[PDB]
Amino acid sequence: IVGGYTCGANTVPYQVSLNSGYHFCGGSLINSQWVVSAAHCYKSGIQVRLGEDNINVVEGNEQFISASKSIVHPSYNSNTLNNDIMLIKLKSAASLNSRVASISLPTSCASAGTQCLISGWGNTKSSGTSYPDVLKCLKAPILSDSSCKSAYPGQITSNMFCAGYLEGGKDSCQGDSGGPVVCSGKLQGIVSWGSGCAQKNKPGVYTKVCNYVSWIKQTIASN
Ligand SMILES: NC(=[NH2+])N1CCCCC1
């Protein structure tokens with residue numbers, strides 16, 4: 001996250017870190033046994049890490065649970081990033097508490113102008129690289145479909161939305177991928193892509209979770 005603030009330990013209780021020897025992506029806990037992330041985060045050997053503050057320190061509220069399976073969306077296209085969503089199942093259910101908690105799926109798609117919370121452990125620099133180790137947060141509005149398409153000609157599908165600031169300076173970044181965009185207490189987006197980070201006229205692009213609620217529910221019900 002570039003231009004954000006330190007969230008505070010365990011203040012984003014649905015935020016998970018995906019670890020394969022190291023943190024490589026975020027995710028969102030949507031029930032005691034399932035995480036939503038980005039399809040472009042898929043790999044072998046995933047451990048889901050819940051209750052994290054500093055991802056380099058065991059502070060006392062963590063739960064580390066290996067994945068039993070993951071399910072990339074059937075229509076994910078890695079060239080266009082259309083349908084950039086996957087589900088990850090935990091081998092055992094997490095123990096839910098005030099610091100490890102699920103986030104609800106949306107009932108309705110959120111509108112341009114709605115304020116959301118974007119969070120992650122990704123790079124905090126638009127030029128160069130620095131990883132923060134503690135969770136960073138950014139409050140940002142959803143942008144109009146028109147603004148989003150104008151920023152990225154030929155690239156925005158009906159399964160994507162932009163959020164952030166056209167002026168620059170405040171955005172998600174590398175290492176935030178797969179993490180949450182929460183608006184009014186519901187998971188509306190997944191950190192997906194953008195050109196650089198926090199560049200003028202290049203806002204963040206997010207997977208539009210409301211389009212996937214039926215797929216998520218039906219997949220969980222049978223897996
Ligand atoms: N919001 C961005 N600019 N991002 C998304 C996460 C990966 C790097 C590009």
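Quick note: residue numbers are just sequence positions, from 1. Atoms within each ligand, like the ligands themselves, are counted from 1 in listed order.
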Pairs involving residues 4-30, ordered by first then second residue, that meet salt bridge (charged side-chain N to carboxylate O under 4.0 Å, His left out) (sequence neighbours left out): none
Disulfide bond (SG atoms under 2.5 Å apart): which pairs involve residues 1-32, sequence neighbours left out? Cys7-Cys137, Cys25-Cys41
Should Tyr22 and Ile65 be counted in the same cluster of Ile, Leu, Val, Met, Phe, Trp and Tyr side chains packed under 4.5 Å apart? yes
Show me the short polar-atom pairs for ligand 1: any N or O of it lying under 3.5 Å from a protein N or O, with distances only.
from     : atom 1 : to     : atom 2 : distance (Å)
ligand 1 : 1 (N)  : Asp171 : OD1    : 3.0
ligand 1 : 1 (N)  : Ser172 : O      : 3.3
ligand 1 : 1 (N)  : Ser172 : OG     : 2.9
ligand 1 : 3 (N)  : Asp171 : OD2    : 2.9
ligand 1 : 3 (N)  : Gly196 : O      : 2.9

Does anything in residues 138-157 pair up under salt bridge (charged side-chain N to carboxylate O under 4.0 Å, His left out), and if so which pairs, sequence neighbours excluded? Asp145-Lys149
For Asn123 versus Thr129, what's the shortest heavy-atom pair and its separation? OD1-CA, 3.4 Å
If I compare all heavy atoms of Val2 with all of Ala198, which pair ends up nearest, and what's the gap? CG1-CB, 3.7 Å
